[PDB]
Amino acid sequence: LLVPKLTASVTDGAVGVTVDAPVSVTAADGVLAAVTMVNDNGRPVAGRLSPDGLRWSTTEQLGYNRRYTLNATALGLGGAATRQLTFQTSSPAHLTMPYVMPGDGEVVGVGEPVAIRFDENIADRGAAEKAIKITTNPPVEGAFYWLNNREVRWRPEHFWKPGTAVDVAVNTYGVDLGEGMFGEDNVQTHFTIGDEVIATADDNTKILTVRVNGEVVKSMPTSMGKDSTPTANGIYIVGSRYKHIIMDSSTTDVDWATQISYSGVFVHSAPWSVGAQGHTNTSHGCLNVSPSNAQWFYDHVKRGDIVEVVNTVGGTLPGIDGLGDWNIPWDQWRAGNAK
């Protein structure tokens, strides 16, 4: 009871040990002289001994399907103790890789959700949500909601406050995502919320008014979808932008095209309907504006800014569109759909 005591974060003979966490060893009544961990080819795992010699931990990722042997020696005024244990890590049936948006270091608008897309259908949505650590500053409540079996989103109840830093750590390596599916790797992203930019298209006036931090900076006459093919009402998140693109219904050479739905709504240059803009809806659902105004939008609106459509004869944009997240009421969004 006077020689050093050694503890570890893993148990001898354990199987299915998950590789999401480092392995640690601690000494009491003594100091660790040396600690090694090797795989079944005798290859060491990197680790670090604290300055005080009381704690050691691994410092790189352990692999799947591996047996590791831990050897530790501790010394203290009461003598020495050397101890050994072996354990075996998870053996996945399959791996899945995550992909996070928005991109790292980006500045985005006040509508931009955090988006985590997997390359496999996730059986245990709750395990995936628990593995995704989102930090906000200033802190704000948000919640997860799945758009489909492969992609989860996170957002606050209200649009983001400009100046908010968002850090996203997708810690899916070594996590069991159900049905033997484990995370292939971790991913991260950090981004910032820029200025509040909200462009409202009112079908009663046929004007698209862009407001930055609440104040009108641009009015644009528009022509939206004709009655046969109306523009849906609702809140749309700004996506990608293209200088020139081939707009095709099977999914008209079009310039200055800013996408606002996965369903194919764009704000774009429509020289052919300039006389109708401000008066008569004429498109297939796109917000047609002048070549000039389209380029203004392309230049001054960024991913994550908002377009709100109101008072059209259409219905509402679906909340699971891809860019329609805000159309899901908060009680529904927050309750989530993990089960």
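Throughout, rigid core stands for the largest set of C-alpha atoms superposing within 1.5 Å between the two forms. Residue numbers run from 1 along the displayed sequence.
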In terms of RMS C-alpha distance in 8 other deposited structures of this protein following rigid core superposition, 166-174 and 242-250 differ, and the farther one is 242-250
Superposing the other structures by the rigid core, the farther-displaced stretch by RMS over CA atoms in 8 other deposited structures of this protein, of 151-159 and 252-260, is 252-260
Looking at residue 251 and residue 252, the deposited sequence has unmodelled residues in between totalling 10 or more
Of 49-57 vs 269-277, the stretch with the larger average CA B-factor in the entry is 269-277
Mean B factor on CA atoms, stretches 205-213 and 124-132, record says higher is 205-213
Among 36, 26, 295, 41, the highest C-alpha B-factor in the PDB entry belongs to 295
Reading the B-factor column for Cα atoms of 247, 168, 110, 235, the highest value belongs to 247
Residue 227: CA temperature factor from the record, placed by chain third, in the highest
Assert third(CA B-factor, residue 257) within chain per record equals highest
Residue 338: CA B-factor among chain residues, third -> middle
Split the chain's modelled residues into thirds by Cα B-factor; residue 63 lands in the lowest
Residue 22: CA temperature factor from the record, placed by chain third, in the lowest
